[PDB]
Each structure stands twice: as structure tokens, then as C-alpha cells.
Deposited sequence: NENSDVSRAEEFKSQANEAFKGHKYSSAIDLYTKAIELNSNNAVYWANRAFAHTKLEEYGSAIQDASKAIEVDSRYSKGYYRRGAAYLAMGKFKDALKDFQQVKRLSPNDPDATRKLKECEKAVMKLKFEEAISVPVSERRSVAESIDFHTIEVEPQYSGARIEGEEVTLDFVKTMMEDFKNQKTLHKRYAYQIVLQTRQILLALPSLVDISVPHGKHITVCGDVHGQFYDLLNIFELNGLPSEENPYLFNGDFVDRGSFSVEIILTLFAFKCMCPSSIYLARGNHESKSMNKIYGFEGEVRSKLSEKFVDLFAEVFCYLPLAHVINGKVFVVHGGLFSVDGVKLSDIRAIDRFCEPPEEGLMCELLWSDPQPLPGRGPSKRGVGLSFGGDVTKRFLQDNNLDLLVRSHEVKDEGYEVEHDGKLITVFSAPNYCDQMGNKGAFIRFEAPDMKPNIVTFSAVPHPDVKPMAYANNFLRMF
């Protein structure tokens, strides 16, 4: 009856081969047979963590703790999962246990205590963005002088031009920087454009025209350039929809966000940007974007980006047929397009509600609903998808949010497609990226996959929270 070690050994094989999803299924089999081995639970917990399924990680690690309360790896894996969710206070308790069980661990406890104190200050000065003055009230780019020695791209007048964007993109490619005057100009103009948008944007693709939908890119700027090489620069004749999560994790997030915003300023109809869960303060604070901004720009840009992100639309509908959202659907039925359109989105994502769910949820293979693997939002089956599409007279749901081996996956009887545009995610997943072309009137999804492309020697998470980097 020692078939548990059988699956357990085959599971560890998948983990070595970066096949975390297959590793999980095999650990599950080992657990089905022997549910009284704490390392089996810790193993599956770590595997979920690799897929960013921190909710499942916490549950698995809690079970390892139940099996052996003096097994420090149980607390370690749970604490690490809590850290990844930004929940330092919950994590602290577990690292306090790891310390108690291993007195000779000291580093990580002190780091966690330190992180909790930083968090305490941060929460104390936390104020809803709608109650604060925009930095656009204190900053006018016109008054920002550019030194003669600056050799980067310049915006000569009030208009962002294609020549400028090309020059800027090339400089970024060569790891150069854009002057703060022009960065302000781009972001401040983007703010104006975004605040005039409804929370759900209707995209019209005229007869004979097309649009390309990209999933997460996560600061992988050189892969972004590769997408543009393969599929053309954004333009009125070649529009793009980037479905959230343009920043964090990858270490060229500033280069990506300034590029995407610049295209919007150049021609608003050339590019559509939806909010992802990583376009929020709680994620940017720890996953690299704030650190990258503070380094490559200045502190004032942090609050400005935060505000601009809060103006990002939550969903798009293409020709009344294709519904595009970052995460997924809702824990309740009957939600109409009008409900999403009316969402007061000018805020950080709350811990519950429509806005949270559409940004954070994932689909499940079986019908119904259940607890989220990430520990935030919920999971929804094919029945949830079909009812939503039917109720709103839609044909197809496109979303992102989840890393895929081939850059995409068709689920829920063909009614849901995940698209993910960050190849070799974090320089380790080895996955392909994908994007989807839609040509009117048929609007049939044309899926194209691509592979990762070289980039300068900068590590992922280089600008991210130091404590979180240790994991």
C-alpha cells in the first residue's frame, strides 16, 4: 500500500521539470493513499505556490501543520504563501513558529517583524484616492526644464507623435531613460483620457478591420517589442487590447507602461488598456513596479501611477460579441453589462464585490462555484460562463490572469479562452506566449503563439520587496 511514495516520486519529477500542474495532480494521488505524511502536504503546498495559487498553498500547509505541529516546513510554506498575498501579519505568526521550532529562521523572522512595522506605517497613512488631490493639481509638465545634455527622446510640442514613440522605444531597448518632463506629459495625458471612460468600454471593430488581444505582459518589455515585430505596432488600423497586468514581476515595467501609455496618447483608438489586479497599490508595493518607478523616475510618480491605474476600465466588449476581462466572472448570477459599466472604479480593488471578482477570479473545469485557489475572489464553472454570456447576448469570454504552457487554453465548451502574453514567465516557466486576432464581422478567434526573446541581464523582482525576493 506504499503506492503513495510512487506518486510522490513521480510528482517530484514533474516539479524538477517545471510541470507544476502535473506535480500537483500526482501529489494529490499520493495524498489520496497516505494523508498522514506531512511532507506530502508541504510538497503540494509549494507546488501551488509556484503557480501563484496561494489559497491552496495555505490550506495544504495548514494540513501539514495538523499532521505534525513541530514540522517547521509546514509553517514555512504557509508563511511564504501569506507573504505572497501581502499578508505580512498572518505570515509573522508562522515565522514565529519556525523560530520556536528551530532556535539555531532568525533572518526571516526579523525580516518579517520589520515588514510588519513598515506595513503598520503604510496602513496608518492610507487614504482613499478619491479623497486626495491628484498630483496633476501640483504638477505641470510645461514648467519642467529639460537640460541640454539630455540625449533621449523629446516631445517637441503638445502632441505625442509616432516618431517620438519609435525613438523612445529604441532608447528603452538600449536601457536608456525618458526625461521626467516627457514622462509626466504622457501619464498626465493618459489620466485625462482614462477618466472620461466608462467602467466597461465598447470596442467597435468595423467591417474588414481587426484587433489584437494580449494577455499579461508583466514588465517583459523585450517580449512586448517582439509582439510588435510579429504583429505590427499599435495604430488605428492595427489596434491592441492589453488585458491587464502590464507591470510587476518583470523588471522592465516602466518601459512597458510608458510605451503603452504613449501609444494611447498618440492615438486613443490604437490601444485599449484594461485594469488587472497588478495595476493596484497592494501589488505594486511589493512586486516591483513601485520600486522600479522610485528608481527610474521619482516618488511623485508613484502616487500618480496609482491614481491613473484607478481610472483604468474594468472590462471591454468587442462588437457586442466578445467580453474581455482580466480575471473572470462573479459569485452571483444575473450581473448585466450595465452593472459593470456603472461601477465606481476610481479606487483600489476592494476585498469583495464585482470589481474584486472580475479582477481576481479563475475558471474551474467542473460546473458550479468554489473557493479560489488564490484565496481571493472565487472560481466559476462552465455553467456560470454560459449563463452570463446568454444573459448578456454575448458569444465568447476572453480572459487572462493565469499562466499557460502554450500561452492560451480554451475552456468551458469553447465559451472561455485564457490568453497570456508573457513567454518564459519570470525567466523560468518556459511557457509560450499568445495573442488573439479578431477580424470583423465573423469575430472568430485567431490564436497566435510566440516564444521568449533575449533581454539584458536584469533579474525578475529586482526592484521588488526584499523580503518577498527571498522566496
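Coordinate coverage of the deposited sequence is interrupted at 1 to 5, 110 to 112, where no C-alpha atom was modelled.
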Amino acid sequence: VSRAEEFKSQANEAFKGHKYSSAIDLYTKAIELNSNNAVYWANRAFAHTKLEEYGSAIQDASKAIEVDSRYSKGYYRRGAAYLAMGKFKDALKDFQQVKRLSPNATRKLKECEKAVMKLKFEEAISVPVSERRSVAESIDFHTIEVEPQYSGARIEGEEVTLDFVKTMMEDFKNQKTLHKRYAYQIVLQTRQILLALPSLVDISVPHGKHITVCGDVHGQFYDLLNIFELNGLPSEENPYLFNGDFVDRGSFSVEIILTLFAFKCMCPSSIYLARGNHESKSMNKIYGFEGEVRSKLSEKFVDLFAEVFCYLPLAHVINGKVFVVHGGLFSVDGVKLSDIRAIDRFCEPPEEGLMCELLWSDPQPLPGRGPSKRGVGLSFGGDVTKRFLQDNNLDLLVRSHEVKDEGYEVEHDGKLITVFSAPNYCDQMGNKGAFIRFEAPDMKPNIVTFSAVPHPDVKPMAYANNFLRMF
From here on, numbers count along this sequence of modelled residues.
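Of the two segments examined, 444 to 452 and 19 to 27, it is 19 to 27 that shows the higher average Cα temperature factor in the deposited entry. According to the PDB record, 135 to 143 carries the higher mean C-alpha B-factor of the two stretches 258 to 266 and 135 to 143. For the set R77, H218, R399, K108, the PDB entry puts the maximum C-alpha B factor at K108. When the C-alpha B-factors of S421, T49, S35, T418 are read from the PDB record, the largest value belongs to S35. In the PDB entry, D339 places in the middle third of its chain by CA B-factor. Among all modelled residues in this chain, the alpha-carbon of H412 has a temperature factor (C-alpha) in the middle third.
For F380, the recorded CA temperature factor ranks within the middle third of the chain's modelled residues. Per the deposited record, the Cα B-factor of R437 falls in the lowest third when ranked against the other modelled residues of its chain. The deposited CA B-factor of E236 belongs to the middle third of values across its chain.
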